[PDB]
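J.: So for the sequence shown, the numbering used here puts the first residue at 9; every next one is plus one.
Where is the CB? At the ideal position from N, CA and C, for every residue including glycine.
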Amino acid sequence: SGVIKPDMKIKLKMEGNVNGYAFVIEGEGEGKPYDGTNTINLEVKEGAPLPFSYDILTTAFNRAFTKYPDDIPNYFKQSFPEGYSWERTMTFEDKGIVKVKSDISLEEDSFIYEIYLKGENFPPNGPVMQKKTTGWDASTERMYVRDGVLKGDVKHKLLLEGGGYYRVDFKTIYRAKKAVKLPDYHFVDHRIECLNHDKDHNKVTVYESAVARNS
Numbered sequence: 009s010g011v012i013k014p015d016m017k018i019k020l021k022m023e024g025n026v027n028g029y030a031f032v033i034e035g036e037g038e039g040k041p042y043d044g045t046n047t048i049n050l051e052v053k054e055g056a057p058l059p060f061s062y063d064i065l066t067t068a069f070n071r072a073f074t075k076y077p078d079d080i081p082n083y084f085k086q087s088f089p090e091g092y093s094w095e096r097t098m099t100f101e102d103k104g105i106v107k108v109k110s111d112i113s114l115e116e117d118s119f120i121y122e123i124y125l126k127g128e129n130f131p132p133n134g135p136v137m138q139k140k141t142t143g144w145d146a147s148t149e150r151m152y153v154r155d156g157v158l159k160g161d162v163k164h165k166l167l168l169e170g171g172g173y174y175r176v177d178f179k180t181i182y183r184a185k186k187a188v189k190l191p192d193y194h195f196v197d198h199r200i201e202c203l204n205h206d207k208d209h210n211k212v213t214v215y216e217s218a219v220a221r222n223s
């Protein structure tokens, strides 16, 4: 078998603060990197109960889990076993901002993520701080090369209870820890879903599907 098996495990820690509220979340899970699916079981270890929408964390909880056709070089799978890091800005239409960074490494058949997240300037009675969001819409991330690394943009939408929407622009820089074959611009279609296991989101399962396709 190769560096990336059809079944891989996940271990992560996120340290973060949102509007001056600190927390630590640990996760373990599994996915099918070639199917482009992954599941993570998350537990709040510090800062329970979280005083904000869990949805601003879930896209931080690994493009190794993306279905890719052979005719698009796979920036992410090529980077292993050394791995890659990413840095992301999420700009919210009400001037909320999240900055998050992650280091993705590999030990045997377990990906390991080290995540740091800072959210600030959320309106205190807005849908994020009042936990009025109901997940992310399906999305398309445009992948493109700038400054010899891979970048992704999403014009994203947070769904609001009552059936409205909240615009969020994602900009991500993905940096392989070694030289890999760079792809031409392409798309990754995402679907991310949350299953909470309790009232306070102390325990949550996140599921994501991701499929790459050509221009």
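Check whether the Cβ atoms of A184 and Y92 sit closer than 8 Å, and answer yes or no.
T.: A contact, by the Cβ cut-off of 8 Å.
J.: Between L168 and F69, what straight-line distance do the alpha-carbon atoms span, to the nearest angstrom?
T.: So the two alpha carbons sit approximately 21 Å from each other.
J.: Looking at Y83 and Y182, is the spacing between their C-beta atoms short of 8 Å?
T.: Contact flag set, yes.
J.: Thinking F60 and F130 are a contact (beta carbons under 8 Å), I'd like their distance in whole angstroms, please.
T.: At roughly 7 Å, the Cβ-Cβ gap stays under 8 Å, so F60 and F130 are in contact.
J.: So, helix, strand or coil for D79, using DSSP?
T.: Three-state DSSP puts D79 in coil, outside helix and strand.
J.: Between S113, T97, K75, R96, which lies nearest to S87 when the distance is taken from Cα to Cα?
T.: Residue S113 is the option with its Cα nearest to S87.
J.: Mapping DSSP to helix, strand and coil, what is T66?
T.: In the structure shown, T66 sits in a helix (DSSP, three-state: H, G or I).
J.: Considering only C-alpha positions, which residue in the set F100, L20, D206, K207 is nearest to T47?
T.: Among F100, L20, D206, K207, the Cα nearest to that of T47 is on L20.
J.: Looking at the structure shown, is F88 part of a helix, part of a strand, or coil, going by DSSP?
T.: Of the three classes helix, strand and coil, the one that applies to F88 here is coil, per DSSP.
J.: By DSSP's criteria, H198 is part of a beta bridge. Which residues make up the other side?
T.: Bridge partners of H198: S147, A218.
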